[PDB]
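Analysis of the macromolecular model
Each chain, letter by letter, is given below.
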Amino acid sequence: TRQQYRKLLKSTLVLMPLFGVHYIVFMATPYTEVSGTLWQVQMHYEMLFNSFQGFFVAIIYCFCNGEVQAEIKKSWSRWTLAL
Amino acid sequence: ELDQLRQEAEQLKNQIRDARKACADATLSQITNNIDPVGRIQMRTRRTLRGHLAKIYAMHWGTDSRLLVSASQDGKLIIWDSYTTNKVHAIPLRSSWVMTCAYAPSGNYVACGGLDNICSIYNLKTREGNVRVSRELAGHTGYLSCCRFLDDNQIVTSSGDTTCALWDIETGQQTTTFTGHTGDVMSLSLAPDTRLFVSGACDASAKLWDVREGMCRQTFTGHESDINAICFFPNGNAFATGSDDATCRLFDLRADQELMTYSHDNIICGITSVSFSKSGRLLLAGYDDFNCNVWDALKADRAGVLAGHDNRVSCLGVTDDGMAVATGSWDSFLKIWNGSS
Amino acid sequence: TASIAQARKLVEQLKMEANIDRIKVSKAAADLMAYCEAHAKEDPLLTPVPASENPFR
Amino acid sequence: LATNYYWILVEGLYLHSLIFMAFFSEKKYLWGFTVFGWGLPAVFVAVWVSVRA
Amino acid sequence: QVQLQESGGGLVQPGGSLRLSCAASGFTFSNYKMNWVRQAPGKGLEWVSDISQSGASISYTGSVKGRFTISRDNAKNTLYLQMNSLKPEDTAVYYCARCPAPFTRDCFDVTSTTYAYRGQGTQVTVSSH
Amino acid sequence: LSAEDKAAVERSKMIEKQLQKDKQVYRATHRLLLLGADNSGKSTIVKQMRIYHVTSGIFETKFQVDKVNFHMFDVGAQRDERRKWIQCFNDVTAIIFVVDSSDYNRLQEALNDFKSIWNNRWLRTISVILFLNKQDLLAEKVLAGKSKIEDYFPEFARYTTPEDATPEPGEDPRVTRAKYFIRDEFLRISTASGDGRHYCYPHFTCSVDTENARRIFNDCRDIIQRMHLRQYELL
Amino acid sequence: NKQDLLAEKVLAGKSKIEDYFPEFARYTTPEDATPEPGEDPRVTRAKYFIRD
Amino acid sequence: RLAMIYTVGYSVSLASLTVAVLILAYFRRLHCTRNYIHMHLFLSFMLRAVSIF
C-alpha cells in the first residue's frame with residue numbers, strides 16, 4: 001500500500017542520521033590530490049553533513065521525541081498552574 | 001406468587017422513598033452558605049518511594065503513621081518507612097496478582113489477597129527475622145477485593161462473589177457471613193469504634209453491616225455506576241463513596257439518604273480511591289485521569305489538585321494524625337504529599 | 001426455588017431496615033458542624049503547622 | 001573523533017540487539033557497550049601515539 | 001435507583017409486526033449505551049442489537065439483520081425495537097440492557113446471568129393459531 | 001541514632017539487591033493471558049503446553065521454548081462478570097483468545113467477547129493471539145452439510161475466498177472458504193478500530209497440534225520487536 | 001468417539017447430563033470399571049453411564 | 001571556506017546537543033537504557049566538536 005511505503009521511507013530517513021549512512025558515500029576513497037573535483041566535493045559533502053549530523057540527531061530523537069514533548073508539556077502546564 | 005411479592009417490594013421501596021423525602025428538611029449546601037471557603041490548597045511531593053516492579057494496586061498506613069504497606073502486581077509486598085524512605089520488609093507473595101493489602105493496628109500482622117481468592121496473613125513477630133505465611137484463608141469463590149483488620153484475631157474480608165466474611169485468625173474459619181449484595185463488593189471501610197462497617201459493590205449501592213449481629217441495617221442507592229471506593233467519616237456517622245460515573249456522594253447514616261454530591265462537568269473519568277482528612281473537612285479522591293482531586297466536603301468545591309502520577313491513582317491513604325497523604329498509581333511509584341505554609 | 005427465597009430475604013431485610021430510629025437532618029448535621037469546629041485547631045492540613053514542628057521538611 | 005564514530009556503531013548495534021534478540025541483560029550489555037565505545041578508541045589512539053613517539 | 005421497564009409483547013402471528021418499548025429511569029439515558037438481549041426457551045442469553053449514545057452507530061446479529069430496527073429517544077428517555085417479519089423461532093424473553101460504564105464503547109458482561117443493569121423483560125411468542 | 005540509621009540503610013540496601021535480582025527474572029519472563037468460552041478447547045491446549053515442564057482461583061502454567069520463559073494464566077473458578085478483574089491484565093505481553101470455529105450458533109458470542117476485549121479502554125496496547133481451535137470439527141461439519149453457515153451469517157452467501165489465502169492442496173475448497181470467512185469476520189472487528197497501537201494475529205489451531213507453543217513464541221517475538229520499533233517512532 | 005470433548009464438557013460443568021437423562025442422578029460407577037488414575041471420577045462416571 | 005562551513009555546523013550542533021543533554025538529564029521519566037546511550041552519543045558529539053575547536 002502507499003501508506004506502508006510512506007512509513008518505510010519516513011522511518012528510513014529518521015534512522016539515516018543516527019546510523020551515519022552518509023559516511024558510506026566516500027568511505028573507501030584514498031588520499032586524492034587537493035586540486036581535484038573529487039576532493040572538493042568530498043570535503044564539502046562531509047564537512048556539511050558531518051557537522052550537522054549532531055543537529056539532526058538532536059532534533060529527531062530528543063526535540064521531536066514524543067515522550068520528551070509530553071514530558072515538557074506536563075512540566076510546563078504544572079509550573080504555570082502552580083504559578 | 002412472584003407478582004404478589006414483587007409488587008409488595010415495590011410498595012415497600014416507595015415507602016422508603018417517601019420516608020426519605022419526608023425527613024429532607026433542607027439541603028447541606030443550603031446551610032453551608034455562611035461558611036468561609038477552604039481556599040486553594042497546595043500540596044508538594046515530600047517523599048517518592050520506588051522499587052516496585054509492576055503497578056501498585058493498594059496500600060495501607062500504620063497506626064503510628066510511620067510504616068506503610070504497599071502491594072504490587074509483580075508479587076511483592078513492601079513495607080516502607082515514610083520518614084527516611086528505608087524499606088523494612090519485602091514479602092515475595094505466592095500469587096503475583098494482588099488486589100488489596102491491610103496493616104494491622106498492632107502492626108504484628110499484615111494481610112493481603114488477590115485473584116487467588118486466598119487471604120494470606122504474615123506475622124512480623126518472628127524472632128529469626130524471617131517472615132512467613134502465618135495463616136491462609138480459603139472460603140471465597142470470587143476474587144479477593146478488600147480486607148480490613150479488626151484486631152490481632154478478627155479480620156473483615158470482601159470478595160467478588162457479593163459476599164463479605166468475618167474470619168477468625170486462630171481458627172481460620174468464617175465466623176459471620178454477609179450475603180445481601182447483588183454485585184461484586186469492591187471495598188469496605190471500618191468505623192472508628194469497630195462496631196459497624198460499610199461495603200460498596202458493583203450494583204451502585206452501599207450497605208451497612210453489623211459485625212456482631214451479621215445483618216444489614218441500611219442500604220443506600222444514589223449512584224449510577226459501579227462503586228469503587230468508600231470511606232467512613234472521622235466521626236463515624238457518615239461515609240463518602242466514589243463511583244465510575246465521575247461523581248462522589250456523601251451518605252448520612254442517621255438521615256438514611258445522600259447529603260451532597262461532588263461532581264464536575266469537565267471530569268468524565270472514574271474514581272478509584274477516596275478518603276477523608278483528620279477533621280473530615282477535605283475529601284481526597286483519587287481520580288482515573290492520572291491525578292487526584294481534593295474536594296471540600298461542605299462546599300463541593302475543588303480545594304486542590306494533585307497531579308504527580310504517570311498513570312491512574314489506584315489507591316490513596318491518609319495518616320491517622322493527618323500529617324501527610326500517600327497515593328499509589330500504576331507507574332510503580334508511591335508519592336507522599338504534605339501541605340506547606 | 002431460589003428466586004422466591006431471595007425475594008423473601010430481600011423483603012425481610014427491607015422490613016428490618018424500615019423499623020429503625022431516624023434523627024432529623026438539621027440535628028444530625030449540627031453534630032458534624034460542632035465536631036469540625038471543635039477540632040479545627042488540631043488539623044495540620046486545615047491549619048498549616050510551622051516548619052519547626054513539621055516533621056516533613 | 002573515534003569515540004563518536006564507535007558510539008554511532010554502539011547505537012546501531014544496540015538497536016540490532018533489541019530487534020533480533022528475545023532476551024536482554026541491561027546490567028551487562030550497557031556496561032559492555034560503554035566500554036567498547038570509550039575504551040577501544042583509546043587503545044587505538046594509545047597504540048598510534050606509542051608508534052608515533 | 002437504575003430501573004428499566006419493558007413494554008409490549010405477547011402472542012404474535014408469524015410474519016406480523018410488533019414494537020418493544022424500554023423505559024429507563026434513575027440515570028442519564030443519553031450518556032449510556034443501550035443494548036437488547038433475548039433468551040430462547042432452554043437456551044442462554046444472546047445479544048440482539050446495540051445503539052450508541054447519539055444513535056450514529058447501530059449493529060445487529062446475523063439472525064435479525066434487516067428484520068428489526070432499533071432506535072432510541074433521549075428526550076423521552078426511552079429505547080425502542082421495531083420487529084417485523086417474525087418467525088416461529090424468534091420466540092424468547094427480551095431484556096433491555098445497559099452497558100455498565102458511561103462514555104465507553106465497550107461493555108463486557110451485558111449478556112451475563114446475574115447482570116444488575118437490565119430490566120425484567122417481556123415474553124414474545126411467535127406461534128401460529 | 002547513628003547505629004539505627006546505619007542498620008536501617010543496610011537492611012534497605014539488602015532489600016534492594018533482592019529486588020534487582022527479582023527485576024532481572026521478572027523482565028526475563030513473558031506473561032500471557034488465556035481467554036475463551038468453555039466450548040473452545042482451552043483445557044486441551046493447557047495439557048499440550050504442560051509438556052514443556054519447568055475457590056481454586058487462577059492457574060499458572062510455565063513453559064519454556066528457545067530459552068525464553070512464558071507464564072500463561074487462566075481463570076477457571078471466577079464469576080461470569082469480567083469488567084473488573086480484566087483490568088489487572090493490562091501489562092501482559094499478549095492475550096490468547098481461543099474460539100471454537102465449529103459452533104456457529106455460539107460464534108457470534110465469541111465475536112462480541114473479542115469486540116469487548118479489543119476495544120477496552122485499558123487493553124489498548126495488548127495484542128490478541130486468535131486461535132481458531134479444533135478446525136477438524138469445522139471441516140467435518142462443512143463436508144457433512146447438515147448445518148449450513150449461511151443461515152447464521154447471511155453475508156456468507158456473498159463471500160469469496162481471499163486470493164492471498166493458501167489452502168492445503170488436499171483440503172476441500174468449501175472448508176477453506178468457511179474458515180477464512182470466520183477469520184475475516186474477526187479481522188473486521190480487529191481492523192475496525194485497531195490500526196497501529198496493537199495488532200491481532202489469526203491462526204488455525206487444532207487441539208492435538210503441538211505447534212501452538214512455536215506460534216505463541218513467534219507472535220511474542222513479533223510483538224516485542226514491534227514495540228521496540230515503536231519506541232524509535234519507526235512503525 | 002472423541003471422549004476428550006466429553007471429558008472437557010464434564011469438567012466445565014455448564015451443561016449437566018442429569019437434565020437429559022434423569023436416571024444419571026441415581027447412577028453409580030461400576031465396580032468392574034477401570035478408570036485411568038489421572039482422570040477425573042466424574043468423566044469415568046459419565047462415560048460408563050453412556051456405556052451402560 | 002571548509003573551515004567556516006564546519007565551524008558553523010559544529011557550533012549549532014553543540015548548542016542543540018547541549019539543550020538535548022540537559023533535557024534528557026533533568027527529566028527522571030526519560031531515564032532509560034535507550035536514553036543513557038543517547039546521552040552517551042550526544043556527549044560524544046560534543047567532545048568531538050569542542051576538541052576540533
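As drawn, each chain counts its residues from 1 in written sequence order, possibly unlike the entry's numbers, and residues without coordinates are not displayed. Ligands are numbered from 1 and chains lettered from A, in the order in which they are written. All reported values concern the displayed chains, which form part of a larger assembly. Excluding hydrogens and water, the side-chain values take into account all heavy atoms of the structure. Residues with missing side-chain atoms are left out of burial classes, side-chain pairs and their counts.

Method of determination for the deposited model, per the PDB record: cryo-EM, at 3.76 Å resolution.

**Topic: the packing of aromatic side chains**
The line we're drawing: Two rings belonging to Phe, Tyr or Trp (six-membered ring only in the last case) form a pair when the distance between their centres is within 6.5 Å. Interplanar angles under 30 degrees mark stacking, angles over 60 mark edge-to-face geometry, and anything in between is tilted. Helix and strand assignments follow DSSP, with helices taken as H or I runs no shorter than four residues and strands as E runs no shorter than two, numbered in order from the N terminus. The buried label goes to any residue with under 20% of its type's maximum accessible area, the exposed label to any with over 50%, and the partly exposed label to all in between, with areas taken from a 1.4 Å probe on protein chains only. When the NZ atom of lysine or the CZ atom of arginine is within 6 Å of a ring's centre and also within 35 degrees of its normal, the charge is said to sit over that ring.
In total, this model carries 44 aromatic pairs over all chains according to the counting rule given. Centre to centre, the rings of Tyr-262 of chain B and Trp-295 of chain B are 6.4 Å apart; their planes meet at 55°, and the pair counts as tilted. Residue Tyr-262 of chain B is located in strand β21 (residues 257-263), and its partner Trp-295 of chain B is located in strand β24 (residues 292-296); the two are separated by 33 residues in the primary sequence. According to the relative accessible area criterion, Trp-295 of chain B is buried, its value standing at 2%. Centre to centre, the rings of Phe-27 of chain E and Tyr-32 of chain E are 5.4 Å apart; their planes meet at 85°, and the pair counts as edge-to-face. On the basis of relative accessible area, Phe-27 of chain E is assigned to the buried category, the value being 8%. An aromatic cluster of at least three residues, connected via ring pairs, comprises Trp-97 of chain B together with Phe-73, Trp-85 and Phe-89 of chain F. One residue, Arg-226 of chain F, lies across the ring of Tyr-199 of chain F, its end atom 4.6 Å from the ring centre.

**Focus on the pattern of salt bridges**
Selection criterion: Any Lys or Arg side-chain nitrogen found within 4 Å of a carboxyl oxygen on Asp or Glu counts as a salt bridge.
On inspection of all chains with the given rule, the structure shows 40 salt bridges over all chains. Note that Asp-172 of chain F and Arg-174 of chain F form a salt bridge whose closest N and O atoms lie 3.0 Å from each other. The class of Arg-174 of chain F is partly exposed, set by a relative accessible area of 42%. A salt bridge links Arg-42 of chain G to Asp-40 of chain G, with the shortest nitrogen-to-oxygen separation between them at 4.0 Å. Residue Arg-42 of chain G is classed as partly exposed on the basis of its relative accessible area of 47%.

**Section: the interface of chain B and chain F**
So the rule is basically this: Contacts between residues were defined by any pair of non-hydrogen atoms, one from each residue, lying within 4.5 Å. As a working definition, buried area equals the accessible area (1.4 Å probe) given up by two parts on being put together, with both sides summed.
The partner chain F presents 31 residues to the 36 residues of chain B that form the contact. Surface buried jointly by chain B and chain F totals about 2900 Å² across both partners, of which 56% is contributed by carbon and sulfur atoms. The three residues of chain B that bury the most area against chain F are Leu-53, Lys-87 and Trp-97 of chain B, which together make up 24% of that side's buried surface. Along the contact surface separating chain B from chain F lie five salt bridges.

**Quick notes on the sheet that holds β21 of chain B**
All names here are of chain B. For the record, the criterion: One requirement defines pairing of two strands: DSSP has to find at least two bridges between them. Every axis corresponds to a line fitted to the C-alpha atoms, with the helix fit spanning only the stretch in contact, and the corresponding angles, defined between N-to-C directions, vary from 0 to 180 degrees.
Strand order in the open sheet made by the four strands is β18-β19-β20-β21, with antiparallel pairing throughout. In this open sheet, the two strands that pair with only one neighbour each are β18 (227-232) and β21. With direction set aside, neighbouring strand axes in the sheet form an average angle of 20°. By the bridge criterion, six bridges tie strand β20 (residues 247-252) to β21 in an arrangement that is antiparallel. When the bridges of β21 are listed, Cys-248 appears paired with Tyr-262.

**Structural notes on the pairing of β18 of chain B**
Residues and elements named next belong to chain B. Burial within β18 is extensive, with six of its six residues counted as buried. Looking at chain direction, β18 and strand β19 (residues 238-243) are connected through five bridges and run antiparallel. Bridge assignment links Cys-231 to a residue of β19, and that residue is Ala-240. If you look at the hairpin formed by β18 and β19, you'll find five residues sitting between the two strands, and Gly-236 has a positive phi there, around 90°.

**Side note on the side chain of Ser-51 of chain A**
Going by this rule: As used in this structure description, the phrase polar contact means that two N or O atoms lie within 3.5 Å; if the pair is within protein, one of them must be able to donate a hydrogen and the other to accept it, and residues adjacent in sequence are counted only when both atoms belong to side chains.
Structurally, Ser-51 of chain A can be placed in helix α2 (residues 37-63). For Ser-51 of chain A, a relative accessible area of 2% gives the class buried. One polar contact links the side chain of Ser-51 of chain A to the main-chain carbonyl oxygen of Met-47 of chain A, over a distance of 2.6 Å. Not counting the four nearest positions on each side in its chain, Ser-51 of chain A is found in contact with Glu-46 of chain A together with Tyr-6, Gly-9, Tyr-10 and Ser-13 of chain H.

**A look at the packing of α2 of chain A against helix α1 (residues 2-26) of chain H**
The packing of two helices is summarised by the inter-axis angle and the distance between the axes. Selection rule: Convention used here: angles under 35 degrees read as roughly parallel, angles over 145 as roughly antiparallel, angles from 65 to 115 as roughly perpendicular, and any remaining angle as oblique. Crossing handedness follows the turn of the near helix against the far one: under a right angle anticlockwise gives a left-handed crossing, and clockwise gives a right-handed one. The classification used treats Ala, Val, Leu, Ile, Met, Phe, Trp, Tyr, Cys and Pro as nonpolar, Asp, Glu, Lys and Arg as charged, and all other residues, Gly among them, as polar.
Packing of α2 of chain A against α1 of chain H brings their axes to within 8 Å, and their N-to-C directions diverge by 15°. Considering their axes alone, α2 of chain A and α1 of chain H lie roughly parallel with respect to each other. In this structure, α2 of chain A meets α1 of chain H at a crossing whose hand is left-handed. The residue makeup of the contact of α2 of chain A with α1 of chain H, split by class, is 19 nonpolar, seven polar and no charged.

**Overview of empty space enclosed by the protein**
Definition in use: The distinction between a cavity and a pocket rests on a 1 Å grid over the protein atoms alone: a 1.4 Å probe fits inside a cavity but cannot get out, while a pocket stays open yet meets protein on both sides within 12 Å along at least five of seven lines, and a residue with an atom within 4 Å of a point counts as lining. Grid points are joined across faces, edges and corners, and a volume is the space filled by probe spheres set on the points.
Taken as a whole, the largest cavity encloses approximately 110 Å³ of empty space. Contributing to the lining of the largest cavity are 13 residues, with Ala-22 of chain D together with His-30, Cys-220, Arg-221 and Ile-224 of chain F lying nearest its centre. For the lining of the largest cavity, the secondary structure elements donating two or more residues are α1 (2-20) of chain D together with β3 (68-75) and α7 (212-231) of chain F. For the lining of the largest cavity, the class distribution of residues is 10 nonpolar, two polar and one charged. Looking at the second largest cavity, its volume works out to about 70 Å³. Forming the boundary of the second largest cavity are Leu-28, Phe-233, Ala-238, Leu-250, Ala-297 and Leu-298 of chain B together with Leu-32, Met-33 and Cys-36 of chain C. Split into classes, the residues belonging to the lining of the second largest cavity amount to nine nonpolar, no polar and no charged.

**Observations concerning the arrangement of the chains**
In this assembly, 13 pairs of chains are in contact, and the pair contributing the most contacts is chains B and F. Nowhere do chain C and chain D come into contact; their C-alpha atoms are at least 35 Å apart. At their nearest point, the C-alpha atoms of chain A and chain E are still 25 Å apart, with no contact between the two.

**Comments concerning the sheet that holds strand β5 (residues 87-92) of chain B**
All names here are of chain B. Ordered by their spatial adjacency, four strands build an open sheet running β2-β3-β4-β5, and the pairing between neighbours is antiparallel. Each edge of the open sheet is held by one strand with a lone partner, namely β2 (56-61) and β5. Going across the sheet, the axis of each strand differs from the next one's by a mean of 15°, ignoring polarity. The pairing of β2 with strand β3 (residues 67-72) spans five bridges and is antiparallel. Bridging from a neighbouring strand, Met-59 pairs with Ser-70 of β3.

**Here's the deal with the interface of chain A and chain F**
How big an interface is tends to be expressed through the accessible area that disappears when the partners come together. At the interface, eight residues of chain A touch four residues of chain F. Note on chain A versus chain F: buried area summed over both sides is about 440 Å², and carbon and sulfur give 53% of it. In terms of surface lost to chain F, no three residues of chain A exceed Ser-11, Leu-15 and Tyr-61 of chain A, which account for 51% of the buried area on that side. Remark: the boundary between chain A and chain F carries zero salt bridges. Between the two partners, chain A and chain F, sit one residue pair in polar contact. Of all the secondary-structure elements, those providing two or more residues to the side of chain A that touches chain F are α1 (2-19) and α3 (66-82) of chain A. Across the side of chain A that touches chain F, the residue classes tally to two nonpolar, three polar and three charged.

**With respect to the state of the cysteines**
All names here are of chain E. Quick reminder of the rule: The term disulfide is used for any two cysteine sulfur atoms that are within 2.5 Å.
Scanning the model with the defined rule gives two disulfides over all chains in all. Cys-22 shares a disulfide with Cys-96; S-S distance 2.0 Å. Where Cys-22 bonds to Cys-96 through sulfur, the torsion about that S-S bond is close to -75°, and the disulfide is left-handed. Note that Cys-22 is positioned in strand β3 (residues 17-25) and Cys-96 in strand β9 (residues 92-98), a separation of 74 residues in sequence. Take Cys-22 and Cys-96: they sit in the same class, and that class is buried. A sulfur-sulfur separation of 2.0 Å characterises the disulfide bridge that pairs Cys-99 with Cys-107. Among the residues examined, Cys-99 registers a relative accessible area of 0% and is labelled buried.

**Details of unusual backbone geometry**
Residue and element names in this part refer to chain B. Positive phi values are uncommon outside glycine, yet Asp-256 reaches one of about 60°. Residue placement: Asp-256 occurs in the loop between β20 and β21. The phi angle at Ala-300 is positive, at roughly 55°, despite the residue not being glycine. Within the element layout of this structure, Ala-300 appears in the loop between β24 and β25 (302-306). Given the relative accessible area of 23%, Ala-300 is considered partly exposed.

**Some details on α2 of chain A**
As a reminder of what qualifies: Helix span, expected: 1.5 Å multiplied by one less than the number of residues in the helix. Values of bend correspond, residue by residue, to the angle between axes fitted over the seven residues ending at that residue and the seven starting there.
Over its 27 residues, α2 of chain A extends 37 Å from the first C-alpha to the last, a length consistent with the 39 Å expected when each residue adds 1.5 Å. Along its length, α2 of chain A shows its largest kink, about 40°, at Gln-53 of chain A. For α2 of chain A, the full list of buried residues reads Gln-42, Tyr-45, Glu-46, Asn-50, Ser-51, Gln-53, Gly-54, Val-57, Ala-58, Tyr-61 and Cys-62 of chain A. Against the buried residues of α2 of chain A lie α1 and α3 of chain A, α1 of chain D together with α1 and α2 (33-52) of chain H.

**What to know about the nonpolar core**
This is how it is decided: The nonpolar core is taken to be a set of buried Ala, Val, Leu, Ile, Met, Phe, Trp, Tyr and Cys residues, with the residues joined through side-chain atoms within 4.5 Å.
By size, the foremost hydrophobic cluster in this structure holds 52 residues, and its most contacted members are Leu-115 of chain B together with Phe-89 and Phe-186 of chain F. Looking at which element gives the most residues to this core, the answer is helix α6 (residues 173-193) of chain F, with seven residues. Dropping the residues within four chain positions of it, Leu-115 of chain B is found in contact with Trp-97, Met-99 and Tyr-143 of chain B together with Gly-57, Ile-58, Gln-78, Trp-85, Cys-88 and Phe-89 of chain F. In this structure, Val-68 of chain A together with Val-21, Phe-27 and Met-46 of chain H belong to the second largest nonpolar core, which totals 36 residues.

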